[PDB]
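Enquirer: Just dropping this structure here.
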Amino acid sequence: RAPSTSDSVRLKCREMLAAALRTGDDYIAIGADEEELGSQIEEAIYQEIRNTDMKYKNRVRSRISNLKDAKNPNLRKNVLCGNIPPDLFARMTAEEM
Ligand code: NA
Ligand code: NA
């Protein structure tokens with residue numbers, strides 16, 4: 001569903017987001033497509049920021065750090081299950097996460 005990209009920076013960020021989504025192995029039992037979710041999250045970030053510079057990388061990094069948060073597994077699970085859509089997650093504030 002997310003558009004493809006041929007931008008190497010965007011591709012790496014999609015892969016990094018997919019990897020963060022694998023935290024704790026929850027994605028397997030849930031049956032989530034972690035690569036597709038990663039692409040949808042990245043797409044929403046790129047659509048809002050519209051470049052791959054500092055603000056873009058910061059946003060990607062903050063989504064990743066929260067997905068990897070051992071203290072907040074329900075955040076990741078909500079994204080994996082689709083309770084939180086990827087475009088919402090892309091723009092969620094730290095407070096909201
Ligand atoms: Na965090
Ligand atoms: Na945990």
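Residues are referred to by chain and number: the chain letter is A, B, ... according to the order shown in the structure tokens, the number counts from 1 in that chain, and ligands are numbered separately from 1 in the order shown.
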Kindly work out which residues sit at most 10 Å from ligand 2, using only C-alpha atoms and all ligand atoms, and give the list as a ChimeraX atom specification.
Expert: /A:23-24,68-74
Enquirer: Please dump the current selection as a compact mmCIF listing (two decimals), in the first residue's frame; keep C-alpha atoms.
Expert:
```
# COMPACT_ATOMS: atom_id res chain seq x y z
CA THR A 23 11.30 -5.73 18.89
CA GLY A 24 10.31 -8.49 21.34
CA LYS A 68 12.15 -0.20 20.86
CA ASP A 69 11.10 1.04 24.31
CA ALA A 70 10.97 -1.95 26.68
CA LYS A 71 8.88 0.19 29.04
CA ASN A 72 6.18 0.82 26.42
CA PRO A 73 5.43 -2.43 24.56
CA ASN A 74 1.77 -1.50 23.97
```
Enquirer: Once you count only C-alpha atoms, what closest atom pair and distance in Å to one decimal does each residue of range 68-96 of chain A within 8 Å of range 28-48 of chain A have, with rows by chain and rising residue number, as a tab-separated table?
Expert:
```
residue	atom	partner	partner_atom	distance
A:80	CA	A:32	CA	5.7
A:81	CA	A:30	CA	6.7
A:86	CA	A:41	CA	4.8
A:87	CA	A:44	CA	5.1
A:89	CA	A:41	CA	7.0
A:90	CA	A:41	CA	5.5
A:91	CA	A:45	CA	7.2
```
Enquirer: Write as a list in words the residues around ligand 1, taking 12 Å as the cut-off and counting only C-alpha atoms and all ligand atoms.
Expert: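 If we count only C-alpha atoms and all ligand atoms, the neighbours of ligand 1 turn out to be residues 20, 61, 62, 63, 64, 65, 66, 67, 68, 69, 70, 71, 72, 73, 75, 76, 93, 94, 95, 96 and 97 of chain A.
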Enquirer: Please produce a file of the residues just selected, as a PDB file, in the first residue's frame, where the atoms kept are N, CA, C and O atoms.
Expert:
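Just written: part-v8.pdb:
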```pdb
ATOM      1  N   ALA A  20      12.841  -2.064  13.946  1.00  0.00           N
ATOM      2  CA  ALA A  20      12.359  -1.608  15.244  1.00  0.00           C
ATOM      3  C   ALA A  20      11.040  -2.282  15.570  1.00  0.00           C
ATOM      4  O   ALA A  20      10.780  -2.636  16.724  1.00  0.00           O
ATOM      5  N   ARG A  61      14.269   8.605  13.770  1.00  0.00           N
ATOM      6  CA  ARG A  61      14.956   8.085  14.951  1.00  0.00           C
ATOM      7  C   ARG A  61      14.063   8.039  16.188  1.00  0.00           C
ATOM      8  O   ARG A  61      14.158   7.105  16.986  1.00  0.00           O
ATOM      9  N   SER A  62      13.201   9.039  16.343  1.00  0.00           N
ATOM     10  CA  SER A  62      12.293   9.093  17.488  1.00  0.00           C
ATOM     11  C   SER A  62      11.158   8.062  17.385  1.00  0.00           C
ATOM     12  O   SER A  62      10.688   7.540  18.400  1.00  0.00           O
ATOM     13  N   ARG A  63      10.702   7.770  16.171  1.00  0.00           N
ATOM     14  CA  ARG A  63       9.743   6.677  16.024  1.00  0.00           C
ATOM     15  C   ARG A  63      10.407   5.344  16.399  1.00  0.00           C
ATOM     16  O   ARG A  63       9.844   4.543  17.146  1.00  0.00           O
ATOM     17  N   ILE A  64      11.609   5.119  15.879  1.00  0.00           N
ATOM     18  CA  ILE A  64      12.381   3.918  16.213  1.00  0.00           C
ATOM     19  C   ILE A  64      12.634   3.762  17.719  1.00  0.00           C
ATOM     20  O   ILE A  64      12.418   2.687  18.280  1.00  0.00           O
ATOM     21  N   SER A  65      13.080   4.825  18.382  1.00  0.00           N
ATOM     22  CA  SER A  65      13.411   4.715  19.801  1.00  0.00           C
ATOM     23  C   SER A  65      12.183   4.345  20.636  1.00  0.00           C
ATOM     24  O   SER A  65      12.273   3.539  21.566  1.00  0.00           O
ATOM     25  N   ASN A  66      11.031   4.895  20.282  1.00  0.00           N
ATOM     26  CA  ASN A  66       9.790   4.543  20.964  1.00  0.00           C
ATOM     27  C   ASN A  66       9.287   3.132  20.668  1.00  0.00           C
ATOM     28  O   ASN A  66       8.728   2.480  21.545  1.00  0.00           O
ATOM     29  N   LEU A  67       9.485   2.670  19.437  1.00  0.00           N
ATOM     30  CA  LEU A  67       9.142   1.297  19.070  1.00  0.00           C
ATOM     31  C   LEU A  67       9.996   0.282  19.822  1.00  0.00           C
ATOM     32  O   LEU A  67       9.580  -0.851  20.032  1.00  0.00           O
ATOM     33  N   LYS A  68      11.197   0.691  20.208  1.00  0.00           N
ATOM     34  CA  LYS A  68      12.151  -0.205  20.863  1.00  0.00           C
ATOM     35  C   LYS A  68      12.096  -0.114  22.388  1.00  0.00           C
ATOM     36  O   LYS A  68      12.828  -0.817  23.093  1.00  0.00           O
ATOM     37  N   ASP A  69      11.206   0.738  22.885  1.00  0.00           N
ATOM     38  CA  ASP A  69      11.096   1.039  24.309  1.00  0.00           C
ATOM     39  C   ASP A  69      10.551  -0.150  25.100  1.00  0.00           C
ATOM     40  O   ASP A  69       9.353  -0.439  25.038  1.00  0.00           O
ATOM     41  N   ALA A  70      11.415  -0.823  25.861  1.00  0.00           N
ATOM     42  CA  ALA A  70      10.968  -1.951  26.682  1.00  0.00           C
ATOM     43  C   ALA A  70       9.878  -1.532  27.670  1.00  0.00           C
ATOM     44  O   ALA A  70       9.041  -2.336  28.050  1.00  0.00           O
ATOM     45  N   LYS A  71       9.870  -0.267  28.066  1.00  0.00           N
ATOM     46  CA  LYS A  71       8.882   0.194  29.036  1.00  0.00           C
ATOM     47  C   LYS A  71       7.509   0.480  28.425  1.00  0.00           C
ATOM     48  O   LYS A  71       6.545   0.711  29.149  1.00  0.00           O
ATOM     49  N   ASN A  72       7.417   0.450  27.098  1.00  0.00           N
ATOM     50  CA  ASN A  72       6.175   0.823  26.420  1.00  0.00           C
ATOM     51  C   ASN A  72       5.791  -0.139  25.295  1.00  0.00           C
ATOM     52  O   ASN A  72       5.589   0.286  24.151  1.00  0.00           O
ATOM     53  N   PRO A  73       5.684  -1.438  25.608  1.00  0.00           N
ATOM     54  CA  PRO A  73       5.428  -2.432  24.564  1.00  0.00           C
ATOM     55  C   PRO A  73       4.074  -2.244  23.878  1.00  0.00           C
ATOM     56  O   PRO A  73       3.931  -2.618  22.726  1.00  0.00           O
ATOM     57  N   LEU A  75       2.726   0.412  22.801  1.00  0.00           N
ATOM     58  CA  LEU A  75       2.823   1.361  21.687  1.00  0.00           C
ATOM     59  C   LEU A  75       3.129   0.593  20.409  1.00  0.00           C
ATOM     60  O   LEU A  75       2.405   0.690  19.412  1.00  0.00           O
ATOM     61  N   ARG A  76       4.196  -0.203  20.459  1.00  0.00           N
ATOM     62  CA  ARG A  76       4.567  -1.042  19.331  1.00  0.00           C
ATOM     63  C   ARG A  76       3.436  -1.983  18.928  1.00  0.00           C
ATOM     64  O   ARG A  76       3.136  -2.123  17.750  1.00  0.00           O
ATOM     65  N   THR A  93       3.296  12.910  18.998  1.00  0.00           N
ATOM     66  CA  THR A  93       4.230  13.613  19.873  1.00  0.00           C
ATOM     67  C   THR A  93       4.725  12.657  20.950  1.00  0.00           C
ATOM     68  O   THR A  93       4.078  11.652  21.235  1.00  0.00           O
ATOM     69  N   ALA A  94       5.864  12.973  21.557  1.00  0.00           N
ATOM     70  CA  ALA A  94       6.381  12.151  22.649  1.00  0.00           C
ATOM     71  C   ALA A  94       5.317  11.965  23.722  1.00  0.00           C
ATOM     72  O   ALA A  94       5.131  10.862  24.242  1.00  0.00           O
ATOM     73  N   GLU A  95       4.617  13.047  24.048  1.00  0.00           N
ATOM     74  CA  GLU A  95       3.538  12.997  25.022  1.00  0.00           C
ATOM     75  C   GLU A  95       2.496  11.946  24.636  1.00  0.00           C
ATOM     76  O   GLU A  95       2.032  11.177  25.483  1.00  0.00           O
ATOM     77  N   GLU A  96       2.138  11.909  23.354  1.00  0.00           N
ATOM     78  CA  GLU A  96       1.137  10.966  22.869  1.00  0.00           C
ATOM     79  C   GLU A  96       1.656   9.523  22.873  1.00  0.00           C
ATOM     80  O   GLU A  96       0.877   8.576  22.986  1.00  0.00           O
ATOM     81  N   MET A  97       2.970   9.363  22.763  1.00  0.00           N
ATOM     82  CA  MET A  97       3.592   8.042  22.754  1.00  0.00           C
ATOM     83  C   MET A  97       3.864   7.528  24.166  1.00  0.00           C
ATOM     84  O   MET A  97       3.616   8.227  25.152  1.00  0.00           O
TER      85      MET A  97
END
```
Enquirer: Just asking: which residues within range 1-46 of chain A are alpha helix (DSSP H) according to DSSP, as a ChimeraX atom specification?
Expert: /A:8-20,26-30,34-46
Enquirer: Which residues, written as a list in words, have at least one atom at most 10 Å from residue 9 in chain A, with only C-alpha atoms counted and residues fewer than 4 positions away on the same chain left out?
Expert: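 The filter keeps residues 5, 13, 14, 52, 53 and 57 of chain A.
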Enquirer: Using only C-alpha atoms, find the one residue out of A:2, A:49, A:11, A:18 that sits nearest to residue 79 in chain A.
Expert: A:18
Enquirer: Report, in Å with one decimal, the straight-line distance from CA of residue 77 in chain A to CA of residue 7 in chain A.
Expert: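 Answer for the CA of residue 77 in chain A to CA of residue 7 in chain A separation: 28.4 Å.
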Enquirer: Pick the closest to residue 60 in chain A from A:6, A:16, A:21, A:26: which is it, counting only C-alpha atoms?
Expert: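 When distances to residue 60 in chain A are compared using only C-alpha atoms, the smallest one comes from A:16.
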Enquirer: From the set A:3, A:84, A:92, A:25, which residue has the shortest atom-to-atom contact distance to residue 59 in chain A, counting only C-alpha atoms?
Expert: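 Going through A:3, A:84, A:92, A:25 one by one, the smallest distance to residue 59 in chain A is for A:92.
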Enquirer: Can you work out the spacing between CA of residue 4 in chain A and CA of residue 88 in chain A in Å, to one decimal?
Expert: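 Computing the Euclidean distance for CA of residue 4 in chain A and CA of residue 88 in chain A yields 19.6 Å.
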